[PDB]
file model13.cif (mmCIF, C-alpha atoms and all ligand atoms)
data_my_file
loop_
_atom_site.group_PDB
_atom_site.id
_atom_site.type_symbol
_atom_site.label_atom_id
_atom_site.label_comp_id
_atom_site.auth_asym_id
_atom_site.auth_seq_id
_atom_site.Cartn_x
_atom_site.Cartn_y
_atom_site.Cartn_z
ATOM 1 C CA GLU P 157 2.879 14.071 -20.240
ATOM 2 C CA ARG P 158 0.104 13.647 -17.673
ATOM 3 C CA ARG P 159 1.158 10.233 -16.424
ATOM 4 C CA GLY P 160 4.934 10.497 -16.514
ATOM 5 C CA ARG P 161 7.365 8.553 -18.661
ATOM 6 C CA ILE P 162 9.000 5.142 -18.820
ATOM 7 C CA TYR P 163 12.348 4.066 -20.303
ATOM 8 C CA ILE P 164 11.959 1.043 -22.535
ATOM 9 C CA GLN P 165 14.378 -0.867 -24.715
ATOM 10 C CA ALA P 166 12.954 -3.410 -27.145
ATOM 11 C CA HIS P 167 14.236 -5.184 -30.252
ATOM 12 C CA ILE P 168 13.799 -8.475 -32.069
ATOM 13 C CA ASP P 169 16.652 -11.000 -32.138
ATOM 14 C CA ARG P 170 15.408 -13.613 -34.602
ATOM 15 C CA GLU P 171 11.916 -14.663 -33.536
ATOM 16 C CA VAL P 172 12.694 -13.457 -30.030
ATOM 17 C CA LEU P 173 11.403 -10.211 -28.559
ATOM 18 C CA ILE P 174 13.830 -8.840 -25.997
ATOM 19 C CA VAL P 175 12.354 -6.168 -23.738
ATOM 20 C CA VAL P 176 14.249 -4.198 -21.120
ATOM 21 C CA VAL P 177 12.183 -2.242 -18.606
ATOM 22 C CA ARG P 178 14.634 0.183 -16.943
ATOM 23 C CA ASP P 179 12.775 2.877 -14.958
ATOM 24 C CA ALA P 180 9.918 5.415 -14.845
ATOM 25 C CA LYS P 181 9.622 9.075 -13.868
ATOM 26 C CA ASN P 182 6.848 11.254 -12.444
ATOM 27 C CA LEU P 183 4.221 8.569 -12.059
ATOM 28 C CA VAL P 184 0.828 9.692 -10.784
ATOM 29 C CA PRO P 185 0.031 9.090 -7.076
ATOM 30 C CA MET P 186 -2.469 6.232 -6.644
ATOM 31 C CA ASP P 187 -2.528 5.626 -2.885
ATOM 32 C CA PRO P 188 -3.722 7.620 0.116
ATOM 33 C CA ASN P 189 -0.096 8.218 1.107
ATOM 34 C CA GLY P 190 0.442 10.212 -2.066
ATOM 35 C CA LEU P 191 2.540 7.506 -3.736
ATOM 36 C CA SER P 192 2.023 4.144 -5.463
ATOM 37 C CA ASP P 193 3.575 0.651 -5.742
ATOM 38 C CA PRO P 194 4.507 0.348 -9.437
ATOM 39 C CA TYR P 195 5.132 -2.824 -11.351
ATOM 40 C CA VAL P 196 5.037 -3.248 -15.126
ATOM 41 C CA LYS P 197 2.979 -5.840 -16.960
ATOM 42 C CA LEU P 198 4.074 -6.987 -20.417
ATOM 43 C CA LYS P 199 1.773 -8.873 -22.820
ATOM 44 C CA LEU P 200 1.466 -9.486 -26.540
ATOM 45 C CA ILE P 201 -2.021 -8.343 -27.562
ATOM 46 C CA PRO P 202 -4.626 -9.309 -28.595
ATOM 47 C CA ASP P 203 -4.407 -12.015 -25.967
ATOM 48 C CA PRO P 204 -7.638 -13.691 -24.731
ATOM 49 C CA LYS P 205 -6.799 -15.883 -21.732
ATOM 50 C CA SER P 206 -3.940 -13.455 -20.873
ATOM 51 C CA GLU P 207 -1.469 -16.207 -21.882
ATOM 52 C CA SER P 208 1.473 -13.889 -22.681
ATOM 53 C CA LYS P 209 1.721 -11.984 -19.373
ATOM 54 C CA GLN P 210 5.060 -11.188 -17.710
ATOM 55 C CA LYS P 211 5.605 -8.817 -14.749
ATOM 56 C CA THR P 212 8.452 -6.898 -13.187
ATOM 57 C CA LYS P 213 8.797 -6.898 -9.428
ATOM 58 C CA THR P 214 6.749 -4.325 -7.532
ATOM 59 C CA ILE P 215 8.579 -1.265 -6.140
ATOM 60 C CA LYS P 216 6.830 -0.065 -3.001
ATOM 61 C CA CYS P 217 5.899 3.549 -2.444
ATOM 62 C CA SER P 218 7.621 5.214 -5.371
ATOM 63 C CA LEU P 219 6.646 7.570 -8.201
ATOM 64 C CA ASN P 220 10.059 7.039 -9.778
ATOM 65 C CA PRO P 221 10.650 3.277 -9.830
ATOM 66 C CA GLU P 222 13.785 1.675 -11.139
ATOM 67 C CA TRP P 223 13.262 -1.957 -12.216
ATOM 68 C CA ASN P 224 16.023 -2.834 -14.658
ATOM 69 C CA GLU P 225 14.572 -6.165 -15.707
ATOM 70 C CA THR P 226 14.850 -7.980 -19.013
ATOM 71 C CA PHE P 227 12.190 -10.149 -20.608
ATOM 72 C CA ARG P 228 12.157 -12.543 -23.531
ATOM 73 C CA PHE P 229 9.198 -13.439 -25.714
ATOM 74 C CA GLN P 230 9.268 -16.277 -28.236
ATOM 75 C CA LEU P 231 7.469 -14.880 -31.298
ATOM 76 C CA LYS P 232 5.438 -16.645 -34.018
ATOM 77 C CA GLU P 233 3.659 -16.009 -37.321
ATOM 78 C CA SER P 234 0.491 -14.738 -35.708
ATOM 79 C CA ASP P 235 2.390 -12.244 -33.543
ATOM 80 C CA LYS P 236 2.994 -10.203 -36.685
ATOM 81 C CA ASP P 237 -0.555 -8.909 -36.203
ATOM 82 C CA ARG P 238 -0.032 -8.196 -32.499
ATOM 83 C CA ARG P 239 1.406 -5.423 -30.367
ATOM 84 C CA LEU P 240 3.795 -5.409 -27.413
ATOM 85 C CA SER P 241 1.671 -4.006 -24.591
ATOM 86 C CA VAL P 242 3.446 -2.310 -21.677
ATOM 87 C CA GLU P 243 1.238 -1.299 -18.722
ATOM 88 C CA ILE P 244 2.229 0.107 -15.356
ATOM 89 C CA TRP P 245 0.019 -0.820 -12.428
ATOM 90 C CA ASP P 246 -0.202 0.216 -8.834
ATOM 91 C CA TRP P 247 -0.234 -2.824 -6.578
ATOM 92 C CA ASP P 248 -2.823 -2.612 -3.777
ATOM 93 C CA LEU P 249 -3.308 -5.114 -0.939
ATOM 94 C CA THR P 250 -6.989 -4.614 -0.247
ATOM 95 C CA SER P 251 -8.300 -3.877 -3.745
ATOM 96 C CA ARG P 252 -7.992 -4.289 -7.512
ATOM 97 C CA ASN P 253 -4.632 -2.902 -8.536
ATOM 98 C CA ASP P 254 -5.004 0.506 -10.176
ATOM 99 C CA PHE P 255 -3.973 1.347 -13.719
ATOM 100 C CA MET P 256 -1.231 4.029 -14.045
ATOM 101 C CA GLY P 257 0.025 4.231 -17.608
ATOM 102 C CA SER P 258 0.158 2.308 -20.828
ATOM 103 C CA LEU P 259 2.074 2.015 -24.020
ATOM 104 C CA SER P 260 2.383 -0.372 -26.955
ATOM 105 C CA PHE P 261 4.594 -1.151 -29.926
ATOM 106 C CA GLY P 262 3.543 -2.979 -33.066
ATOM 107 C CA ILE P 263 5.515 -6.205 -33.359
ATOM 108 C CA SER P 264 5.625 -5.758 -37.100
ATOM 109 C CA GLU P 265 7.332 -2.393 -36.564
ATOM 110 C CA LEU P 266 9.810 -3.665 -33.995
ATOM 111 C CA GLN P 267 11.073 -6.175 -36.591
ATOM 112 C CA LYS P 268 11.950 -3.205 -38.788
ATOM 113 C CA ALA P 269 13.529 -1.160 -35.976
ATOM 114 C CA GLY P 270 13.946 -1.613 -32.241
ATOM 115 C CA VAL P 271 13.318 1.115 -29.666
ATOM 116 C CA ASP P 272 15.489 2.593 -26.922
ATOM 117 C CA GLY P 273 14.417 5.693 -25.042
ATOM 118 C CA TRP P 274 11.753 7.497 -23.039
ATOM 119 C CA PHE P 275 8.075 7.105 -23.787
ATOM 120 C CA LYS P 276 5.153 9.170 -22.530
ATOM 121 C CA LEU P 277 2.623 6.952 -20.693
ATOM 122 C CA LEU P 278 -0.909 6.918 -22.170
ATOM 123 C CA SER P 279 -4.333 5.912 -20.819
ATOM 124 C CA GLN P 280 -5.114 2.191 -20.923
ATOM 125 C CA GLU P 281 -7.414 2.281 -23.966
ATOM 126 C CA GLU P 282 -5.151 4.755 -25.721
ATOM 127 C CA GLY P 283 -2.008 2.807 -24.845
ATOM 128 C CA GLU P 284 -3.179 -0.319 -26.654
ATOM 129 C CA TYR P 285 -2.879 1.603 -29.923
ATOM 130 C CA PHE P 286 0.025 4.027 -29.696
ATOM 131 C CA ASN P 287 3.309 5.121 -28.161
ATOM 132 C CA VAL P 288 4.835 8.587 -28.133
ATOM 133 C CA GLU Y 157 -2.459 18.998 -10.131
ATOM 134 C CA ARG Y 158 -2.048 15.830 -12.195
ATOM 135 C CA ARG Y 159 -5.716 15.227 -12.915
ATOM 136 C CA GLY Y 160 -7.045 18.720 -13.350
ATOM 137 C CA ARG Y 161 -9.500 20.585 -11.212
ATOM 138 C CA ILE Y 162 -13.227 20.853 -10.516
ATOM 139 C CA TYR Y 163 -15.353 23.722 -9.278
ATOM 140 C CA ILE Y 164 -17.631 22.620 -6.464
ATOM 141 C CA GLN Y 165 -20.094 24.516 -4.280
ATOM 142 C CA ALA Y 166 -21.526 22.726 -1.245
ATOM 143 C CA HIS Y 167 -23.241 23.779 1.947
ATOM 144 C CA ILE Y 168 -25.813 22.455 4.405
ATOM 145 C CA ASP Y 169 -29.195 24.088 4.998
ATOM 146 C CA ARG Y 170 -30.961 22.489 7.973
ATOM 147 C CA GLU Y 171 -30.346 18.790 7.305
ATOM 148 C CA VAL Y 172 -30.092 19.197 3.539
ATOM 149 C CA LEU Y 173 -26.829 18.968 1.614
ATOM 150 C CA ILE Y 174 -26.916 21.195 -1.454
ATOM 151 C CA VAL Y 175 -24.184 20.478 -3.968
ATOM 152 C CA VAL Y 176 -23.512 22.442 -7.128
ATOM 153 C CA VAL Y 177 -21.214 20.808 -9.687
ATOM 154 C CA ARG Y 178 -20.177 23.657 -12.002
ATOM 155 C CA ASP Y 179 -17.310 22.626 -14.313
ATOM 156 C CA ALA Y 180 -13.862 21.009 -14.561
ATOM 157 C CA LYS Y 181 -10.559 21.972 -16.204
ATOM 158 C CA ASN Y 182 -7.621 20.009 -17.654
ATOM 159 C CA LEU Y 183 -9.020 16.540 -17.215
ATOM 160 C CA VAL Y 184 -6.769 13.680 -18.266
ATOM 161 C CA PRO Y 185 -7.478 12.014 -21.627
ATOM 162 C CA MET Y 186 -9.093 8.561 -21.185
ATOM 163 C CA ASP Y 187 -10.095 7.619 -24.748
ATOM 164 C CA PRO Y 188 -8.197 6.690 -27.912
ATOM 165 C CA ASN Y 189 -9.282 10.010 -29.403
ATOM 166 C CA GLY Y 190 -7.277 11.862 -26.776
ATOM 167 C CA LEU Y 191 -10.364 13.048 -24.880
ATOM 168 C CA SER Y 192 -12.953 11.615 -22.487
ATOM 169 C CA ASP Y 193 -16.712 11.711 -21.722
ATOM 170 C CA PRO Y 194 -16.877 13.154 -18.166
ATOM 171 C CA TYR Y 195 -19.748 12.892 -15.780
ATOM 172 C CA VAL Y 196 -19.635 13.343 -12.024
ATOM 173 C CA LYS Y 197 -20.905 10.825 -9.493
ATOM 174 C CA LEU Y 198 -21.949 12.044 -6.028
ATOM 175 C CA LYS Y 199 -22.423 9.696 -3.032
ATOM 176 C CA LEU Y 200 -22.330 9.902 0.745
ATOM 177 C CA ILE Y 201 -19.761 7.360 1.934
ATOM 178 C CA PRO Y 202 -19.512 4.804 3.386
ATOM 179 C CA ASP Y 203 -22.455 3.633 1.298
ATOM 180 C CA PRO Y 204 -21.969 -0.030 0.306
ATOM 181 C CA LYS Y 205 -25.268 -0.404 -1.595
ATOM 182 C CA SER Y 206 -25.053 2.974 -3.385
ATOM 183 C CA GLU Y 207 -28.500 4.190 -2.306
ATOM 184 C CA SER Y 208 -26.936 7.626 -2.168
ATOM 185 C CA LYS Y 209 -25.647 7.813 -5.778
ATOM 186 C CA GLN Y 210 -26.511 10.801 -7.980
ATOM 187 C CA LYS Y 211 -24.968 11.653 -11.381
ATOM 188 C CA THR Y 212 -24.597 14.679 -13.628
ATOM 189 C CA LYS Y 213 -25.198 14.279 -17.332
ATOM 190 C CA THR Y 214 -22.285 13.056 -19.424
ATOM 191 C CA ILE Y 215 -20.463 15.601 -21.582
ATOM 192 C CA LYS Y 216 -19.060 13.871 -24.645
ATOM 193 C CA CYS Y 217 -15.481 14.326 -25.779
ATOM 194 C CA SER Y 218 -14.288 17.062 -23.462
ATOM 195 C CA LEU Y 219 -11.416 17.605 -21.022
ATOM 196 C CA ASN Y 220 -13.090 20.802 -19.811
ATOM 197 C CA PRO Y 221 -16.726 19.910 -19.114
ATOM 198 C CA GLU Y 222 -19.298 22.386 -17.917
ATOM 199 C CA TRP Y 223 -22.205 20.719 -16.093
ATOM 200 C CA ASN Y 224 -23.843 23.364 -13.894
ATOM 201 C CA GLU Y 225 -26.125 20.943 -12.049
ATOM 202 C CA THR Y 226 -27.457 21.125 -8.508
ATOM 203 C CA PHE Y 227 -28.109 18.191 -6.227
ATOM 204 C CA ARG Y 228 -29.875 17.826 -2.910
ATOM 205 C CA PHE Y 229 -29.190 15.209 -0.255
ATOM 206 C CA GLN Y 230 -31.441 14.623 2.743
ATOM 207 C CA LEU Y 231 -29.072 14.143 5.689
ATOM 208 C CA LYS Y 232 -29.495 12.165 8.922
ATOM 209 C CA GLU Y 233 -27.756 11.434 12.233
ATOM 210 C CA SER Y 234 -25.519 8.731 10.802
ATOM 211 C CA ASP Y 235 -24.316 10.981 7.965
ATOM 212 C CA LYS Y 236 -22.322 12.908 10.553
ATOM 213 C CA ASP Y 237 -19.760 10.110 10.274
ATOM 214 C CA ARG Y 238 -19.808 10.148 6.464
ATOM 215 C CA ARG Y 239 -18.154 12.137 3.683
ATOM 216 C CA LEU Y 240 -19.505 13.724 0.508
ATOM 217 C CA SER Y 241 -17.730 11.793 -2.253
ATOM 218 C CA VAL Y 242 -17.315 13.502 -5.639
ATOM 219 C CA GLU Y 243 -15.870 11.336 -8.434
ATOM 220 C CA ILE Y 244 -15.432 12.109 -12.099
ATOM 221 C CA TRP Y 245 -15.738 9.217 -14.505
ATOM 222 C CA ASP Y 246 -15.192 8.775 -18.204
ATOM 223 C CA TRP Y 247 -18.196 7.125 -19.778
ATOM 224 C CA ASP Y 248 -17.286 4.313 -22.213
ATOM 225 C CA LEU Y 249 -19.742 2.397 -24.434
ATOM 226 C CA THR Y 250 -17.864 -0.871 -24.756
ATOM 227 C CA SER Y 251 -16.206 -1.099 -21.340
ATOM 228 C CA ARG Y 252 -16.231 -0.281 -17.633
ATOM 229 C CA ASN Y 253 -16.221 3.477 -17.326
ATOM 230 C CA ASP Y 254 -12.768 4.754 -16.353
ATOM 231 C CA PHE Y 255 -11.966 6.695 -13.192
ATOM 232 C CA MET Y 256 -10.692 10.276 -13.724
ATOM 233 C CA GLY Y 257 -10.496 12.083 -10.422
ATOM 234 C CA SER Y 258 -11.909 12.105 -6.956
ATOM 235 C CA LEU Y 259 -12.522 14.333 -4.016
ATOM 236 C CA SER Y 260 -14.451 14.257 -0.735
ATOM 237 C CA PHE Y 261 -15.680 16.527 2.035
ATOM 238 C CA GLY Y 262 -16.476 15.509 5.589
ATOM 239 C CA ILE Y 263 -20.169 16.105 6.254
ATOM 240 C CA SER Y 264 -19.332 17.090 9.792
ATOM 241 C CA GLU Y 265 -17.061 19.797 8.387
ATOM 242 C CA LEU Y 266 -19.562 21.060 5.857
ATOM 243 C CA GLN Y 267 -22.008 21.740 8.711
ATOM 244 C CA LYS Y 268 -19.410 24.100 10.167
ATOM 245 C CA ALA Y 269 -18.573 25.772 6.835
ATOM 246 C CA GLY Y 270 -19.630 25.274 3.240
ATOM 247 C CA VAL Y 271 -17.227 25.286 0.300
ATOM 248 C CA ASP Y 272 -17.151 27.291 -2.910
ATOM 249 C CA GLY Y 273 -14.129 27.099 -5.187
ATOM 250 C CA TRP Y 274 -11.677 25.017 -7.177
ATOM 251 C CA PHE Y 275 -10.425 21.674 -5.964
ATOM 252 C CA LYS Y 276 -7.539 19.583 -7.260
ATOM 253 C CA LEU Y 277 -8.707 16.113 -8.320
ATOM 254 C CA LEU Y 278 -7.125 13.192 -6.419
ATOM 255 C CA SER Y 279 -6.803 9.443 -7.105
ATOM 256 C CA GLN Y 280 -9.825 7.332 -6.208
ATOM 257 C CA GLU Y 281 -8.415 5.878 -2.967
ATOM 258 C CA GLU Y 282 -6.883 9.191 -2.000
ATOM 259 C CA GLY Y 283 -10.038 11.121 -2.870
ATOM 260 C CA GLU Y 284 -12.166 9.224 -0.372
ATOM 261 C CA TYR Y 285 -10.141 10.848 2.416
ATOM 262 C CA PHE Y 286 -9.154 14.361 1.370
ATOM 263 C CA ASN Y 287 -9.867 17.438 -0.670
ATOM 264 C CA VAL Y 288 -6.885 19.617 -1.613
HETATM 265 N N1 LIG P 301 -5.598 -7.365 -10.883
HETATM 266 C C1 LIG P 301 -4.699 -6.348 -11.477
HETATM 267 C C2 LIG P 301 -5.139 -6.134 -12.943
HETATM 268 O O1 LIG P 301 -4.421 -5.252 -13.583
HETATM 269 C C3 LIG P 301 -3.248 -6.829 -11.407
HETATM 270 O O2 LIG P 301 -3.254 -8.185 -11.883
HETATM 271 P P1 LIG P 301 -1.912 -8.944 -12.318
HETATM 272 O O3 LIG P 301 -1.004 -9.065 -11.136
HETATM 273 O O4 LIG P 301 -2.458 -10.331 -12.714
HETATM 274 O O5 LIG P 301 -1.322 -8.250 -13.507
HETATM 275 CA CA CA P 302 -4.041 2.428 -4.992
HETATM 276 CA CA CA P 303 -0.801 0.771 -3.886
HETATM 277 CA CA CA P 304 -7.140 -0.253 -5.702
HETATM 278 CA CA CA P 305 -12.128 5.462 -21.853
HETATM 279 CA CA CA P 306 -15.095 7.394 -23.216
HETATM 280 CA CA CA P 307 -13.161 1.596 -20.284
#

call {"tool": "encode", "arguments": {"input": "model13.cif", "output": "structure tokens", "more": "lines below"}}
Ligand SMILES: N[C@H](CO)COP(=O)(O)O
Ligand SMILES: [Ca+2]
Ligand SMILES: [Ca+2]
Ligand SMILES: [Ca+2]
Ligand SMILES: [Ca+2]
Ligand SMILES: [Ca+2]
Ligand SMILES: [Ca+2]
result
Amino acid sequence: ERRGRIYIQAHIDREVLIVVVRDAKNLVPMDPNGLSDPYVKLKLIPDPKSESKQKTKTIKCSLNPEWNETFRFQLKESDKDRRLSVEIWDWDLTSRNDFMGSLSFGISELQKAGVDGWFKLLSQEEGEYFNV
Amino acid sequence: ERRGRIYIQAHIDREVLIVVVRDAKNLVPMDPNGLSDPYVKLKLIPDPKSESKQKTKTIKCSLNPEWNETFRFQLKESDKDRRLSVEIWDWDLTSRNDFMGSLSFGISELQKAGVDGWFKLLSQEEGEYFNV
């Protein structure tokens, strides 16, 4: 568990993905002060023009952010071949935000069973394929 | 020690920085296969146009690379206000290489005493300032 963990809750209502991003523990420091400014980015991938994107607020200087935010996604046919992508990023003022941890759930699999618990954060490339 | 450690040897011999990049342990996975393709990038910073850049070879699929490569840098007056920047990157074929760990030593401080040992890898922004 090199990048910490995040507590996610996600299930499908009808054709509506409901995602709850509660909190995260032991995130990796990304700033010179030894901390980071975490915010989570949710997308349905593959997504070209990044048309699905939704973000939580940014928590400043914390390696254990608590967001408690809910998000709704209106699904479609095509989405059955997509994955719910959850990525944590470190907000920076004077530079590209830095990647911190990733995770993803197959939409086809969420329709069969929702999720509610802690997940180990993976690397960005790795997180677009699995969840642990 | 979230990103593992690297064994560095560096000292100055009459205006010449000699850096030995031996090996690294417990690097963080950066690829879908659960590994990474580490290579170290050495620069003297600030160095906007990267005229300083020098790289080790890339070791494929390893979180414990052994490089054993020596590098020489011809110092100057100005370099007394610069730092030796050591960054490990994960080589990727189909995408921007991913950052793995960073570290830096003040050139002014190396002139007073060289280093030879293990160093904890820091985040990129953090690594441009310290060396734990
Ligand atoms: N530029 C960063 C990329 O991850 C953050 O961007 P964004 O706020 O659009 O998610
Ligand atoms: Ca940062
Ligand atoms: Ca930041
Ligand atoms: Ca940044
Ligand atoms: Ca990679
Ligand atoms: Ca790679
Ligand atoms: Ca990449």

call {"tool": "atom_distance", "arguments": {"input": "model13.cif", "atom1": "atom CA of residue 213 of chain P", "atom2": "atom CA of residue 263 of chain P"}}
result
24.2 Å

call {"tool": "atom_distance", "arguments": {"input": "model13.cif", "atom1": "atom CA of residue 197 of chain Y", "atom2": "atom CA of residue 160 of chain P"}}
result
26.8 Å

call {"tool": "residues_around", "arguments": {"input": "model13.cif", "residues": "segment 236-242 of chain Y", "least_positions_apart": "2", "cutoff": "8 Å", "atoms": "all atoms listed in the file", "output": "PDB file with C-alpha atoms, in the frame of the given file"}}
result
ATOM      1  CA  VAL Y 196     -19.635  13.343 -12.024  1.00  0.00           C
ATOM      2  CA  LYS Y 197     -20.905  10.825  -9.493  1.00  0.00           C
ATOM      3  CA  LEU Y 198     -21.949  12.044  -6.028  1.00  0.00           C
ATOM      4  CA  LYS Y 199     -22.423   9.696  -3.032  1.00  0.00           C
ATOM      5  CA  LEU Y 200     -22.330   9.902   0.745  1.00  0.00           C
ATOM      6  CA  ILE Y 201     -19.761   7.360   1.934  1.00  0.00           C
ATOM      7  CA  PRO Y 202     -19.512   4.804   3.386  1.00  0.00           C
ATOM      8  CA  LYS Y 232     -29.495  12.165   8.922  1.00  0.00           C
ATOM      9  CA  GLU Y 233     -27.756  11.434  12.233  1.00  0.00           C
ATOM     10  CA  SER Y 234     -25.519   8.731  10.802  1.00  0.00           C
ATOM     11  CA  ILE Y 244     -15.432  12.109 -12.099  1.00  0.00           C
ATOM     12  CA  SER Y 258     -11.909  12.105  -6.956  1.00  0.00           C
ATOM     13  CA  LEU Y 259     -12.522  14.333  -4.016  1.00  0.00           C
ATOM     14  CA  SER Y 260     -14.451  14.257  -0.735  1.00  0.00           C
ATOM     15  CA  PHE Y 261     -15.680  16.527   2.035  1.00  0.00           C
ATOM     16  CA  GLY Y 262     -16.476  15.509   5.589  1.00  0.00           C
ATOM     17  CA  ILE Y 263     -20.169  16.105   6.254  1.00  0.00           C
ATOM     18  CA  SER Y 264     -19.332  17.090   9.792  1.00  0.00           C
ATOM     19  CA  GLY Y 283     -10.038  11.121  -2.870  1.00  0.00           C
ATOM     20  CA  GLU Y 284     -12.166   9.224  -0.372  1.00  0.00           C
TER      21      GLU Y 284
END

call {"tool": "atom_distance", "arguments": {"input": "model13.cif", "atom1": "atom CA of residue 190 of chain Y", "atom2": "atom CA of residue 278 of chain Y"}}
result
20.4 Å

call {"tool": "residues_near_ligand", "arguments": {"input": "model13.cif", "ligand": "ligand CA 307 (chain P)", "cutoff": "7 Å", "atoms": "only C-alpha atoms and all ligand atoms", "output": "PyMOL selection string"}}
result
(chain P and resi 281) or (chain Y and resi 248+250-254)

call {"tool": "resolve_selection", "arguments": {"input": "model13.cif", "expression": "the PyMOL selection byres ((chain Y) within 8 of (chain P and not hetatm))", "output": "short mmCIF file (atom, residue, chain, number, x, y, z; two decimals) with C-alpha atoms, keeping the file's coordinate frame"}}
result
data_model
loop_
_atom_site.label_atom_id
_atom_site.label_comp_id
_atom_site.auth_asym_id
_atom_site.auth_seq_id
_atom_site.Cartn_x
_atom_site.Cartn_y
_atom_site.Cartn_z
CA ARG Y 158 -2.05 15.83 -12.20
CA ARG Y 159 -5.72 15.23 -12.92
CA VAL Y 184 -6.77 13.68 -18.27
CA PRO Y 185 -7.48 12.01 -21.63
CA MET Y 186 -9.09 8.56 -21.18
CA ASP Y 187 -10.10 7.62 -24.75
CA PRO Y 188 -8.20 6.69 -27.91
CA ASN Y 189 -9.28 10.01 -29.40
CA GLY Y 190 -7.28 11.86 -26.78
CA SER Y 279 -6.80 9.44 -7.10
CA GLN Y 280 -9.82 7.33 -6.21
CA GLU Y 281 -8.41 5.88 -2.97
CA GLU Y 282 -6.88 9.19 -2.00
CA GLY Y 283 -10.04 11.12 -2.87
CA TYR Y 285 -10.14 10.85 2.42
#

call {"tool": "residues_around", "arguments": {"input": "model13.cif", "residues": "segment 272-275 of chain P", "least_positions_apart": "4", "cutoff": "10 Å", "atoms": "only C-alpha atoms", "output": "PyMOL selection string"}}
result
chain P and resi 157+160-167+175-176+178-181+258-260+287-288

call {"tool": "resolve_selection", "arguments": {"input": "model13.cif", "expression": "the PyMOL selection byres (((chain Y and resi 193) around 7) and not hetatm)", "output": "PyMOL selection string"}}
result
chain Y and resi 192+194-195+214-218+246-247

call {"tool": "closest_residue", "arguments": {"input": "model13.cif", "among": "Y:177, Y:256, Y:267, Y:208", "to": "residue 230 of chain Y", "atoms": "only C-alpha atoms"}}
result
Y:208
